[PDB]
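# Architecture and fold: a report
So you can see what is in the structure, the chains are spelled out below.
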Amino acid sequence: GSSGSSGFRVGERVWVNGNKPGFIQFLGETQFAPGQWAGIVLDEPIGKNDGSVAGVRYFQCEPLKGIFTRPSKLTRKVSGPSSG
């Protein structure tokens, strides 16, 4: 039993939009927008930003390979385990 576990950490594999994997680099509230954000590095060019949002930088990634969204709006791979 892990006990606890609220969100994801830095360097974890998350699935954005329930169909967009990516490695997390930044975590916590941002400067451009309030609220704890979660920077995700998309593997394919299907995002919006690339490490910088409206000029504000956070991490180094590839073009169209970086998006910012709330952790609660993320999934863990494409499977869907159960309790039995």
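This deposited entry lists solution NMR as its structure determination method.

## Considering the sheet that holds strand β6 (residues 67-69)
In spatial order, the strands read β6-β3-β2-β1-β7; together these 5 strands make up an open sheet with antiparallel pairing. In this open sheet, the two edge strands, each paired with only one partner strand, are β6 and β7 (74-75). Where strand β1 (residues 13-16) meets β7, 2 bridges bridge the pair, whose relative direction is antiparallel. Among the inter-strand pairings, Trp15 is bridged to a residue of β7, identified as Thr75.

## Remarks on the packing of aromatic side chains
In the structure shown here, the tally under the stated rule is 6 aromatic pairs. Judged by centre distance (5.6 Å) and plane angle (85 degrees), the rings of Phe32 and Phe68 are edge-to-face. One end of the pair, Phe32, is in the loop between β2 (21-29) and β3 (36-42); the other, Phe68, is in strand β6, with 36 residues separating them in the sequence. Since its relative accessible area comes to 32%, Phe32 is described here as partly exposed. Its relative accessible area of 11% is what places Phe68 among the buried residues. Between the aromatic rings of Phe59 and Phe68, the centroid separation amounts to 5.5 Å while the plane-to-plane angle is 35 degrees, which identifies the pairing as tilted. Among the aromatic residues, those joined into a cluster by ring pairs are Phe26, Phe32, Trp37, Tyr58, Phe59 and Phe68.

## Topic: the pairing of β3
For β3, a buried count of 6 out of 7 residues is recorded, marking the element as mostly surrounded by other parts of the structure. Where β2 meets β3, 6 bridges bridge the pair, whose relative direction is antiparallel. Paired with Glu29 across the two strands is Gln36, which belongs to β3. Across 3 bridges, β3 lies against β6 in antiparallel orientation. When the sheet's bridge partners are listed, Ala38 is paired in β6 with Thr69.

Criteria and cut-off values
- Residues numbered from 1 in each chain as written, not as in the entry; some residues may be left out.
- Heavy atoms only, no water.
- Pairing = 2+ DSSP bridges.
- Helix = DSSP H or I, 4+ residues; strand = E, 2+ residues; numbered from the N terminus.
- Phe/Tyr/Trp six-rings, centres within 6.5 Å; stacked < 30°, edge-to-face > 60°.
- Buried < 20%, exposed > 50% of the residue type's maximum accessible area, 1.4 Å probe, protein only.

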